[PDB]
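Each remark here refers to the structure printed beneath this line.
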Amino acid sequence: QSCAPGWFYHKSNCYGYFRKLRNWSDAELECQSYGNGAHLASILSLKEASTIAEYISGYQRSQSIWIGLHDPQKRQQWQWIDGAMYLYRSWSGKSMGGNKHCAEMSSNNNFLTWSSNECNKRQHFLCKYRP
């Protein structure tokens, strides 16, 4: 039940991926359920995604993993749960589409490109926990 039994300690924090098909609504709720501030992978800069991606990259088996990226109230703005605000995101050779109600990585894109989808598509999801 602690952060170690089979759990991997990375970045001094505890995080783990789940290969279960769960909608973003049941996926995120399953995280904050710990009330420890647990939520879907949070990314404010490419530096963080660059290190975690090296682990979940999946170049040998890229799976559709969800992250903590969603739209506010249809204001055409992409923000994370904590309201994280990315400053000038990279955009070249890809298309966000609008992130609709929830954005995720399409398994068809080998470059792990992001894609907009409804928060009702049951798919894999990665969770994060703050120490």
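Ordering of the structure tokens sets the chain letters (A, B, ...), residue numbers begin anew at 1 in every chain, and ligands are numbered from 1 in the order given.
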Item to complete: Would you list the contacts of residue 94 in chain A as a list in words, taking every protein, DNA or RNA residue within 9 Å and counting only C-alpha atoms, but skipping same-chain residues closer than 3 positions in sequence?
Response: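 The residues satisfying every condition are residues 91, 113 and 114 of chain A.
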Discussion item. Using DSSP secondary structure from the backbone, list all alpha helix (DSSP H) positions within chain A, as a PyMOL selection string.
Written reply: chain A and resi 24-32+46-56
Worksheet entry | In range 51-84 of chain A, DSSP strand (DSSP E or B) residues written as a list in words | residues 66, 69, 70, 79 and 80 of chain A
Grab the residues selected above and save them as an mmCIF file, in the first residue's frame with N, CA, C and O atoms.
data_model
loop_
_atom_site.group_PDB
_atom_site.id
_atom_site.type_symbol
_atom_site.label_atom_id
_atom_site.label_comp_id
_atom_site.auth_asym_id
_atom_site.auth_seq_id
_atom_site.Cartn_x
_atom_site.Cartn_y
_atom_site.Cartn_z
ATOM 1 N N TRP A 66 -3.614 8.391 -22.075
ATOM 2 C CA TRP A 66 -4.237 9.732 -21.867
ATOM 3 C C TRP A 66 -3.343 10.569 -20.942
ATOM 4 O O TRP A 66 -2.539 10.049 -20.188
ATOM 5 N N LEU A 69 -4.856 16.678 -20.027
ATOM 6 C CA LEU A 69 -5.063 17.843 -20.949
ATOM 7 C C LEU A 69 -6.541 17.894 -21.344
ATOM 8 O O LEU A 69 -7.085 16.936 -21.856
ATOM 9 N N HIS A 70 -7.204 18.997 -21.104
ATOM 10 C CA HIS A 70 -8.653 19.083 -21.462
ATOM 11 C C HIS A 70 -9.039 20.533 -21.765
ATOM 12 O O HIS A 70 -8.282 21.454 -21.535
ATOM 13 N N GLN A 79 -5.767 23.546 -21.540
ATOM 14 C CA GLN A 79 -5.109 23.720 -20.207
ATOM 15 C C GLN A 79 -5.143 22.388 -19.453
ATOM 16 O O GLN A 79 -5.911 21.502 -19.769
ATOM 17 N N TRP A 80 -4.306 22.242 -18.463
ATOM 18 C CA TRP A 80 -4.271 20.973 -17.682
ATOM 19 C C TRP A 80 -5.191 21.090 -16.466
ATOM 20 O O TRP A 80 -5.802 22.113 -16.230
#
Fill in: Of the listed residues A:4, A:85, A:126, A:112, that which approaches residue 62 in chain A most closely, counting only C-alpha atoms
A:112
Practice prompt. Please provide as a PyMOL selection string all residues within 10 Å of residue 57 in chain A, with the sequence filter that same-chain residues fewer than 6 positions apart are discarded (counting only C-alpha atoms).
Written response: chain A and resi 49-51+63+110-112
Take the residues from that selection and put them in a file with C-alpha atoms, as an mmCIF file, in the first residue's frame.
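Dumped everything to out.cif:
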data_model
loop_
_atom_site.group_PDB
_atom_site.id
_atom_site.type_symbol
_atom_site.label_atom_id
_atom_site.label_comp_id
_atom_site.auth_asym_id
_atom_site.auth_seq_id
_atom_site.Cartn_x
_atom_site.Cartn_y
_atom_site.Cartn_z
ATOM 1 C CA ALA A 49 7.393 14.950 -21.308
ATOM 2 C CA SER A 50 10.872 14.349 -22.781
ATOM 3 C CA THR A 51 11.957 12.264 -19.752
ATOM 4 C CA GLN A 63 -0.311 2.394 -26.846
ATOM 5 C CA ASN A 110 4.110 6.643 -34.345
ATOM 6 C CA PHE A 111 5.440 10.059 -33.252
ATOM 7 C CA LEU A 112 2.970 9.948 -30.338
#
